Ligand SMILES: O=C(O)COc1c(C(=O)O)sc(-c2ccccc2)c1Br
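Read the single chain below, which is given as structure tokens and is the form solved without the named molecule.
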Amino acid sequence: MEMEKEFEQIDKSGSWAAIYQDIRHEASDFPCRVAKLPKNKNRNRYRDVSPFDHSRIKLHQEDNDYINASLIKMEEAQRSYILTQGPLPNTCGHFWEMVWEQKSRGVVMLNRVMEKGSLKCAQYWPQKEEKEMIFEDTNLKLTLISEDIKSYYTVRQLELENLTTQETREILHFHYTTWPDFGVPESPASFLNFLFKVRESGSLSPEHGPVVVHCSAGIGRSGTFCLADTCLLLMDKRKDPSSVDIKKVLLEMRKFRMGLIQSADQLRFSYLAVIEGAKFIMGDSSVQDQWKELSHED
């Protein structure tokens, strides 16, 4: 693929840092005035990472509609994502309100609650069936329904109830649990298999609201997941699959949320994932089961 050829070129000339910086320089800059209002200071995990005003998700509250979350709307791919930061101790109700209001079916979590010995986000979902959580501020109830723990990821079914109306929905929680504390996976196989599991669940589909994707800041790994998904989707859809330019797709996504893909390592890994995932796309059926075996599930 023209992508693989470009990949090897960048590798041989050792120019990932320069290409990544090119991305940083060309990326959109839009205002985040709502995020930066003093009253919202504690709704932000990093003063460094803010949703643009034009693409931010608004809570349907009268008293403060702010949450650190962005709608990424990929026109050609016909795919939408909500990228958000890992919930804060005081924003878990907001988070689940957003999931309810946006009609999301899936939540994708790409970080551990604790990494590098520090808390990367709040424990925002119940860990035991018998101990449900109530978010009083937004009047929502959340119950662990089942949990399936595999080697590289865990999938949970949750029941989210609007206590105000007593309607309930099933939310799928996809938790990639093995992203290394430093660097990137090194083999894209298990990440790809995880992406396919999210796809297979229907969570990414047009009949639902946009999937909610988060890591700690909601730009790095989150970025990588959405960039890979969209590129793969576009290669599937277009008459000329080799016309898919990762950098152009990334820059398009950066119109909707800043800082997507946080290092040159993550960029390289994005190429790797797309390239590898493209094998299962041009006819190769017997490779979905070569990512299920290359990475265990025990």
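Just count from 1 along the sequence shown to find any residue number.
Below, we refer to the form deposited with the named molecule bound, which is not included among the displayed structures.
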Would the site accept the named molecule without a clash, i.e. open, or is it blocked, meaning 3 or more of its atoms lie within 2.4 Å of backbone or C-beta after superposition from the pose in the entry with it bound? open
Distance check, residue 262 to the named molecule in the entry with it bound, heavy atom within 4.5 Å: yes
If you check in the entry with it bound, is residue 215 within 4.5 Å of the named molecule, heavy atoms only? yes
Interface membership of residue 49, the named molecule in the entry with it bound, 4.5 Å heavy atom rule: yes
Is any part of 92-120 within 4.5 angstroms of the named molecule in the entry with it bound by a non-hydrogen atom, and which residues would that be? 115, 120
